[PDB]
Amino acid sequence: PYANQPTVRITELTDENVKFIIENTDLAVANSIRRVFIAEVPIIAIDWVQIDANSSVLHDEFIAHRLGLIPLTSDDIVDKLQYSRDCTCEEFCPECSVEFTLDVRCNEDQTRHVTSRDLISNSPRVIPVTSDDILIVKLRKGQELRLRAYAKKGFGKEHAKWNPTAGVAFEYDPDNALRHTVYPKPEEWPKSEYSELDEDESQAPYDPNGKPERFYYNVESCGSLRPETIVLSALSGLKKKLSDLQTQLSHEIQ
Amino acid sequence: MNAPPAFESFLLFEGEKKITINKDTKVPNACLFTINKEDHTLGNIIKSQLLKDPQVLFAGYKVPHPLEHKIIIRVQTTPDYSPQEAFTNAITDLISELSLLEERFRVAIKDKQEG
Amino acid sequence: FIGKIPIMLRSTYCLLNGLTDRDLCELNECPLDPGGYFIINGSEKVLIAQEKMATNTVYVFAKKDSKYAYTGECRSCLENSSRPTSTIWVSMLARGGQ
Amino acid sequence: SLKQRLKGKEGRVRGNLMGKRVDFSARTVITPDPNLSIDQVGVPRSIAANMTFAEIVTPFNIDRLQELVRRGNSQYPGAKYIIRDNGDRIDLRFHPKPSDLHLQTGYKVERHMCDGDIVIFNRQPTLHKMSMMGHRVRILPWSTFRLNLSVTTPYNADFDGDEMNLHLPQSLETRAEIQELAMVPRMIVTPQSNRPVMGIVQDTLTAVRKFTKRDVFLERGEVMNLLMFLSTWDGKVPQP
Amino acid sequence: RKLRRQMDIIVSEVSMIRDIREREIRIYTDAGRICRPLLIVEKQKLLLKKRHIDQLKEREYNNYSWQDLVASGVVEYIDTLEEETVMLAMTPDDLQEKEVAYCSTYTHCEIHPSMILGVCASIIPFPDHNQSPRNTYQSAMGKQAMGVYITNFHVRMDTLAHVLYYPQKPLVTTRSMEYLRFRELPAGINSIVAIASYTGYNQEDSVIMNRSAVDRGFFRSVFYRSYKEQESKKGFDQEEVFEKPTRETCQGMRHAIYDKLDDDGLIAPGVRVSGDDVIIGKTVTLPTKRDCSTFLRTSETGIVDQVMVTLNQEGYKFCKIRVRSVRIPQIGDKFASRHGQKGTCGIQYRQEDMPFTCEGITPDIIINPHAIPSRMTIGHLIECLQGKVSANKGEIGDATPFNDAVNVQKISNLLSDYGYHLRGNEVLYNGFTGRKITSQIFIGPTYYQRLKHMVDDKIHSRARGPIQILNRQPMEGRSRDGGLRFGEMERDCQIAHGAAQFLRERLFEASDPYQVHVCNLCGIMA
Amino acid sequence: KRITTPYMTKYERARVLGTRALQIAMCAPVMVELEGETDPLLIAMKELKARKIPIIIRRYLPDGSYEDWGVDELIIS
Amino acid sequence: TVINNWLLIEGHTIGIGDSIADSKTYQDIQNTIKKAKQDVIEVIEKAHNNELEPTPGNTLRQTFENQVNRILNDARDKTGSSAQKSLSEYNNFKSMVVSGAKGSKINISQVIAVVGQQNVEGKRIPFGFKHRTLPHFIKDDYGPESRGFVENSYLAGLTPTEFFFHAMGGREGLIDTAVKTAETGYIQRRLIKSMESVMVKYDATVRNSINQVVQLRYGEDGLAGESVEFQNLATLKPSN
Amino acid sequence: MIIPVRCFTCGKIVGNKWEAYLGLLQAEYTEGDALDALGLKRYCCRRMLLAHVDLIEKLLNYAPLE
Amino acid sequence: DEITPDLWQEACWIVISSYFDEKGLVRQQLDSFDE
Amino acid sequence: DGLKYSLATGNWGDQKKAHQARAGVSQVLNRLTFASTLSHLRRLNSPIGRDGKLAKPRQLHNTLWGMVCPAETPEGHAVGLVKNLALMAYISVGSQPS
Amino acid sequence: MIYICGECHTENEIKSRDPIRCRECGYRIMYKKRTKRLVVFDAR
RNA sequence: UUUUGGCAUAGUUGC
Ligand SMILES: [Mg+2]
Ligand SMILES: [Zn+2]
Ligand SMILES: [Zn+2]
Ligand SMILES: [Zn+2]
Ligand SMILES: [Zn+2]
């Protein structure tokens with residue numbers, strides 16, 4: 001009638017992705033954890049682009065949209081930052097946003113590449129993660145791009161710019177022991193990288209008493225957060241959501 | 001034009017209750033929890049934890065419409081155990097599970113970094 | 001002077017004739033633009049090729065919207081002059097009508 | 001000439017008496033929605049805020065229509081006009097005068113079309129009774145008419161770019177007429193060939209063929225999930 | 001034929017037809033005849049040799065071109081009249097090789113059969129695997145597809161223009177696309193599309209889209225509309241002047257704002273405008289004065305992109321104002337493959353809600369399985385498989401129609417080498433519950449086109465407004481607004497319903513109510 | 001001397017409910033015990049089920065004659 | 001709702017593997033096509049030697065055309081039947097066909113085995129050129145591929161001549177769709193404008209605007225078409 | 001028009017790889033080898049660099065209106 | 001000496017590329033107008 | 001003006017006799033995508049005329065092999081009357097027979 | 001009232017009364033200068 | 001301080 005005792009095993013940990021296995025858990029918790037990786041981990045991404053001068057070939061909304069998609073280093077600052085909608089200010093004070101400034105004038109005849117290197121932050125902890133650098137726009141001789149933009153805390157549910165993951169691989173039952181999928185010709189299907197069968201089998205023998213468990217993860221970070229930070233913030237956020245729901249339920253019952 | 005704002009899928013507006021309980025008159029000891037501004041993230045996990053309880057005769061959830069943001073969770077229980085009690089116990093179990101998972105994930109990170 | 005003739009773009013008399021892609025860019029003209037159209041009051045007008053029966057050729061048909069068993073049409077037209085084309089028919093009367 | 005004015009498809013008697021442009025009509029692209037009942041039609045918020053229905057003021061709805069008058073056109077759901085007993089018309093997007101916002105029994109408020117309003121829904125060409133049918137309005141937050149999938153085959157419609165028309169009855173008697181004669185549940189059986197005009201369609205038909213196979217087995221959580229979507233369920237889980 | 005093939009006294013386009021049975025030699029030289037080049041065949045051998053191919057390989061820095069091929073008497077132009085006297089080989093590799101003889105006297109040989117197709121039909125990958133009506137439907141939809149219609153679109157001011165943010169050349173392409181410049185000006189995006197039944201919004205030729213992909217600019221587009229206007233001087237009857245109308249000096253205006261304009265009566269570029277805002281303040285003198293300023297269309301909205309001012313043919317000042325409007329894909333926008341799979345966006349789901357493979361790939365689009373069978377657009381499936389092979393291999397696939405070096409077996413064997421199921425299927429996981437989907441989903445990249453028919457350009461409603469001046473009924477003007485015709489079909493449909501009150505309400509109360517006074521004795525309106 | 005059917009036609013039901021709902025919307029007296037009913041159509045339906053609608057249907061036969069049926073007299077389908 | 005939600009667990013697709021048959025099935029189809037072509041050549045040789053005799057009521061061209069047409073039809077349906085037998089139970093084409101959701105068995109045969117004869121105005125492809133369907137054939141060639149019998153499936157892809165003849169075949173589909181739309185409404189508006197005033201009067205007779213008896217009772221029984229249904233008279237067929 | 005910042009499907013950063021991709025192609029790499037060297041394993045990411053058409057280079061031929 | 005079938009696939013498209021380099025796609029309109 | 005009007009409106013023949021003039025020859029060039037522009041520039045229009053009523057022109061005829069596209073034509077009341085040239089199809093410009 | 005010449009890109013202050021022509025190249029197409037208002041986009 | 005509008009064509013395109 002109570003919680004499982006989930007067990008973690010980290011298989012691989014790089015600076016761009018983390019691979020790990022969770023055993024002793026129901027499918028729903030693992031799926032919700034993957035869902036929270038994708039859509040509920042808050043990061044800092046550019047919003048509120050104010051353009052002072054844009055004589056580039058790309059129109060203003062195009063440049064603003066490209067700026068929004070630049071990932072920003074938000075490893076340790078995002079937790080203590082606040083959502084701008086909740087802050088008590090003109091919507092931009094240092095406690096809920098990070099100012100950015102871009103001012104590029106192409107004077108030389110050669111094509112000038114406006115990269116993420118040219119984005120100057122007012123806070124050193126928040127920079128573009130590439131600082132090759134992400135190309136924003138190419139400028140001709142005599143063209144200018146000059147703007148200022150801020151970066152607010154949001155999560156991927158609101159807009160995909162705040163999604164920290166560059167693809168979350170998720171798997172369970174690599175040998176199809178539970179037969180949650182039914183291969184018409186199981187011999188034709190390649191073995192998963194976590195499969196434990198020999199090269200004469202195609203599926204594990206069917207298990208009627210089986211239950212999903214030993215969920216394999218591979219969380220690749222876009223760069224704005226370390227992958228371990230993505231997973232820890234994800235679990236913290238899901239726990240926070242459930243605790244807030246318990247608070248509201250207790251108020252309703254009372 | 002008619003596109004809804006992106007923020008109104010997780011944000012409660014003024015005078016909107018996060019969660020509302022209504023007894024189901026068709027069956028004794030059955031309740032419907034309508035939670036606003038939620039999705040399958042909490043619905044599926046709460047349903048799964050409720051199914052783990054032995055005293056819960058029925059636990060299911062549905063999103064009435066994907067463009068709208070509500071989950072209706074129907075919970076029916078044995079006559080000696082209220083659905084509200086089962087719901088609270090399920091959430092406390094999930095919170096304990098995720099706290100334990102946070103602790104063990106931190107330990108695994110420290111081991112892999114030291115290793 | 002007798003008038004002004006519209007000029008198909010990128011023809012032998014359009015100013016973009018035989019210009020390299022660089023010069024087309026300097027005139028703000030797309031080098032991939034195929035041309036083949038006129039500019040009339042700023043609007044780009046294209047002449048759709050009109051299909052019509054060939055001329056000066058004998059064509060024998062069998063009409064039954066008339067009293068003839070057969071009919072040899074010949075839309076004879078002058079060469080390069082006198083655009084009005086003279087259509088002669090030589091028909092065989094139907095033997096059913098008697 | 002005068003003879004040309006009346007003859008033909010676009011004459012006065014065939015272009016402006018047998019058929020004519022009508023007020024209180026909207027048109028837009030249709031899209032599927034399996035989560036609507038067959039008698040429900042999704043409506044964009046803008047169309048609902050643009051079209052109106054005249055609701056007569058009674059002592060039962062005096063407070064509600066007063067609130068809608070307070071909202072006005074800028075906020076949905078609201079109202080466009082107040083037609084007083086004298087017939088004079090007060091517009092609500094220009095008049096902040098609180099004296100003009102007084103309501104009393106016999107007044108009519110042209111309130112914005114809201115949920116549950118009856119609307120005739122049509123696809124041209126109109127070829128039989130089921131090509132125009134009554135639906136209940138459901139406000140959903142996008143720019144297309146959402147429909148149930150079963151009502152596509154009477155309309156002979158597919159969501160490849162088809163547009164459909166929506167007429168709003170403006171009177172209680174016409175609303176009752178559409179309720180009792182033209183609602184799509186009443187139009188299930190056609191008299192053309194004494195059979196149902198709409199059945200189960202592509203995905204759900206293939207899926208129910210696969211579902212009712214002899215060897216489909218569902219565990220406890222799966223059936224408990226499925227019974228949530230059964231509206232007529234009495235709440236008793238059957239014996240497995 | 002000797003003289004024509006040598007480019008002697010007879011020019012190439014002259015066509016000689018010998019009717020042997022009727023003993024006639026008709027030579028045609030006039031214009032209007034259609035012809036095409038065919039390779040000449042002599043004694044069951046092509047006159048084209050490897051030397052010509054070598055010279056054409058160095059087409060640059062040799063001055064050997066097509067005209068030298070024609071002059072060499074290897075290829076000649078044949079017209080449809082002379083085709084009746086021609087025995088033509090489809091391909092030299094087999095049709096003229098020695099075997100059990102079908103025809104030992106071939107006069108010409110096709111260059112490649114794929115050149116029978118036009119321009120819009122030649123961008124179809126694997127059109128010989130489709131049903132021909134869908135080839136026709138694609139030949140229309142490719143005309144209707146969004147893209148970068150021209151590289152100098154910035155300077156041009158056309159009345160309507162659609163430009164896609166991130167167009168891509170197709171991963172599965174035809175050879176003939178190299179010569180259409182489609183590789184330089186593509187119209188569409190390669191989309192990871194999964195052909196699967198799902199929550200139910202893809203049914204009946206509609207499409208589920210990945211909301212997170214759209215947030216990343218997937219099929220995001222910009223819509224340019226340009227308004228032109230000119231101030232004129234017609235003797236002394238009146239005079240139009242560009243200037244912002246002031247509320248005191250002109251006795252005719254609308255409730256729209258007039259402060260967006262500058263002192264010259266024109267709106268500056270980089271200013272947002274609603275569907276009623278004024279952009280060209282123009283005042284016509286009253287024999288005070290009146291306004292005839294122009295506003296945006298009622299439904300439209302955007303930012304003023306560019307404003308040019310110049311003198312017309314008459315030397316009168318006139319300006320053209322381009323209005324940028326950024327269009328994001330939403331519910332209702334049309335999309336289509338290169339196979340006639342027309343469909344609207346049924347609903348948009350975030351990335352977590354979409355189904356996903358074992359490697360975290362969510363499809364950009366989901367289409368209904370039932371769009372295929374009655375269609376028999378097998379070319380769509382072969383395109384998806386070939387595109388998956390192309391994306392894994394890192395090489396633009398080839399989908400020339402009548403090519404035997406490529407077939408589904410070879411594509412499947414290539415795909416199996418990359419650790420995928422040979423038929424392109426994959427084990428997808430339900431995005432909601434995380435459970436494996438029982439059947440394995442066919443998924444892979446496919447080239448999709450956004451058609452210009454957005455929902456916002458075709459949504460309109462009416463309560464009441466600009467009636468006619470003659471019929472006193474609603475009419476179309478300033479927008480799509482003006483009601484919908486309750487035609488004879490709808491009239492008789494309501495007659496069959498027996499809904500007399502609603503029919504009367506439609507035709508009389510809510511279209512053009514009126515009342516007249518008539519004498520009782522006579523019958524004429526008094 | 002009534003020859004017509006004793007059943008309310010669907011058209012008769014439609015027009016009766018429409019007119020009675022309009023009357024109720026105009027503050028007409030209500031001949032049924034309502035409970036929190038605000039929509040005139042629902043009140044009219046409650047009246048029709050109670051057979052308390054005070055309307056007489058005049059059915060015109062195709063010879064100029066007619067028959068006057070009370071709503072209570074007819075069989076509600 | 002219930003079936004659409006269960007389908008998220010089941011799921012349904014369509015792919016290349018659903019259009020693939022085993023090698024034995026392809027060999028059988030190719031053997032059938034070879035046999036059909038050989039006996040068509042036999043019929044042609046009988047016709048050329050004046051050995052073919054005309055059937056009663058048909059000229060010799062009609063007799064030859066009927067023979068080759070029935071030959072290719074039986075070849076096509078035999079190949080389609082054999083391809084249908086090769087279908088697995090997991091094959092999604094079969095799942096969508098047996099459920100009646102979409103497609104037909106002919107569609108599966110065309111996708112898998114043989115697209116079949118292409119017809120223009122109910123005949124094989126005519127000699128547009130001088131006694132030829134295209135420049136790639138010899139004069140007076142009445143073989144299957146010469147006159148527009150395409151033998152490759154859509155999976156295998158059509159050859160150039162086969163593709164062109166298939167385009168010719170589909171052109172008639174597009175044109176007759178166009179002329180159907182041209183005749184949409186015209187017959188219907190003529191019928192309704194003849195009959196719109198006919199009504200069931202309160203004496204249960206059916207009369208027009210001028211009040212003339214058309215039927216003494218509607219449908220000769222006085223019953224609406226809504227609530228009638230098929231039954232079997234139990235005493236008509238049995239013997240004494 | 002220009003290289004997108006994110007991969008449309010998975011969201012991986014791709015905008016910082018177009019110039020490197022072209023540089024590898026100038027080094028006589030097969031396109032598969034170039035994409036593998038840039039570390040794009042999922043074919044969703046590979047599709048974007050493999051199929052991108054860089055029109056901004058062509059748009060920069062026109063002089064700016066300043 | 002002669003084009004072998006294995007190389008014919010390259011050869012024919014070389015010919016067609018030369019055709020479109022020489023002529024282009026709108027020779028009809030331009031040649032008619034020049035004449 | 002005489003050419004200009006005829007190219008501006010697409011009415012061909014005498015301006016004052018435009019009642020019996022052939023219409024739609026000149027059309028505004030369709031600039032929506034590059035493929036549409038090329039397809040519009042390579043377009044053939046077959047008028048109805050008296051001869052089209054004698055024999056049905058909408059059907060795809062065998063002689064259209066290699067000259068026009070076999071599958072490209074607008075739907076509605078224009079199928080088979082509006083065609084597009086094949087890729088390598090080239091129209092004779094005319095020459096003197098002397 | 002500043003415009004930019006389409007050809008030589010010269011800033012010209014032109015009144016609402018006089019004809020429009022480049023004061024140093026004679027070119028007859030003039031583009032309005034970008035607005036000095038406050039313009040903001042959310043980066044979505 | 002409460003307006004508003006060209007008519008008839010021709011072409012193209014959607015279902
Ligand atoms: Mg449709
Ligand atoms: Zn703040
Ligand atoms: Zn009188
Ligand atoms: Zn990717
Ligand atoms: Zn200048």
Side-chain angles (χ1 to χ4, degrees), chain E residues 154-157 211-212 214-218 220 222 226 228 230-231 233 239-244 259-273 279-283 302-324 326 328 330, chain K:
Chain E
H154 184 260
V155 69
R156 292 169 58 84
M157 290 200 172
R211 172 58 157 165
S212 300
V214 177
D215 291 6
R216 296 154 183 162
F218 180 60
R220 198 165 295 182
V222 59
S226 57
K228 67 179 188 68
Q230 61 189 248
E231 60 178 30
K233 175 173 180 68
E239 197 177 72
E240 296 93 10
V241 178
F242 288 156
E243 58 184 48
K244 65 186 289 182
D259 303 326
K260 297 277 191 68
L261 311 179
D262 303 357
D263 302 333
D264 62 349
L266 299 188
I267 185 160
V271 173
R272 224 285 228 159
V273 284
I279 50 170
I280 303 172
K282 182 163 72 76
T283 72
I303 290 82
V304 184
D305 191 295
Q306 191 171 82
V307 170
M308 63 88 69
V309 199
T310 179
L311 310 174
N312 59 5
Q313 174 52 57
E314 304 177 336
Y316 290 140
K317 177 179 196 176
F318 101 101
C319 78
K320 306 173 77 168
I321 298 183
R322 181 139 50 78
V323 172
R324 162 173 77 242
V326 178
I328 301 171
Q330 65 185 90
Chain K
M1 345 61 164
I2 300 288
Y3 302 105
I4 304 174
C5 163
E7 180 169 4
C8 83
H9 316 107
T10 309
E11 291 81 320
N12 302 338
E13 196 282 334
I14 292 170
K15 281 69 65 177
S16 62
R17 64 204 165 82
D18 56 332
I20 41 172
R21 182 183 185 183
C22 176
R23 65 190 181 80
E24 73 183 8
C25 61
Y27 193 58
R28 306 196 167 285
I29 303 176
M30 315 301 290
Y31 299 84
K32 269 190 76 62
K33 201 180 184 197
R34 185 180 159 87
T35 186
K36 280 186 284 184
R37 289 199 181 195
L38 186 135
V39 51
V40 169
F41 310 94
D42 68 327
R44 299 179 171 79

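These values consider heavy atoms only, across backbone and side chains, with no hydrogens, waters or symmetry-generated copies. Lettering follows sequence order; numbering is per chain, from 1.
In this structure, no portion of K:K36 lies under 4.5 Å from any heavy atom of chain E. With a threshold of 4.5 angstrom between heavy atoms, E:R216 does not approach chain K through any atom at all. With a 4.5 angstrom heavy-atom cutoff, K:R28 touches chain E via backbone and side-chain atoms both. Residue contact with chain K, scored on non-hydrogen atoms closer than 4.5 Å, is absent for E:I328. With a threshold of 4.5 angstrom between heavy atoms, K:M1 does not approach chain E through any atom at all. Neither the backbone nor the side chain of E:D263 comes within contact range of chain K; no heavy atoms are under 4.5 Å apart.
Each of E:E243, E:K320, E:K260 has some count of heavy-atom pairs under 4.5 Å with chain K, and the biggest count is that of E:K260.
The minimum heavy-atom distance between K:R37 and E:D259, with the atom names listed, is NH2-O, 3.0 Å. Pairing each heavy atom of K:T35 with each of E:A268, the nearest pair is CB-CB, 3.7 Å. Nearest heavy-atom pair across K:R44 and E:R220 is O-NH1, 2.7 Å.
The CG atom of E:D264 sits 3.5 Å away from atom OH of K:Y3, with the distance rounded to the nearest 0.5 Å. To the nearest 0.5 angstrom, E:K244 atom NZ is 13.0 Å from K:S16 atom OG.
Chain K is approached within less than 4.5 Å, heavy atom to heavy atom, by E:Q306, E:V307, E:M308, E:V309, E:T310, E:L311 from residues 306-316 of chain E, ordered by number.
Partners of E:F218 according to the ring pair (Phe, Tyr, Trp, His ring centres under 6.0 Å) rule, which considers only residues two or more places apart in sequence or in another chain, are H:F8.
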task = Start with the C-alpha gap between E:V304 and K:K32, add the side-chain angles, then the distance that decides, and say whether side chain to side chain contact (heavy atoms under 4.5 Å, CB included) holds.
result = CA-CA 11 Å; E:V304 184; K:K32 269 190 76 62; over 6 Å; no
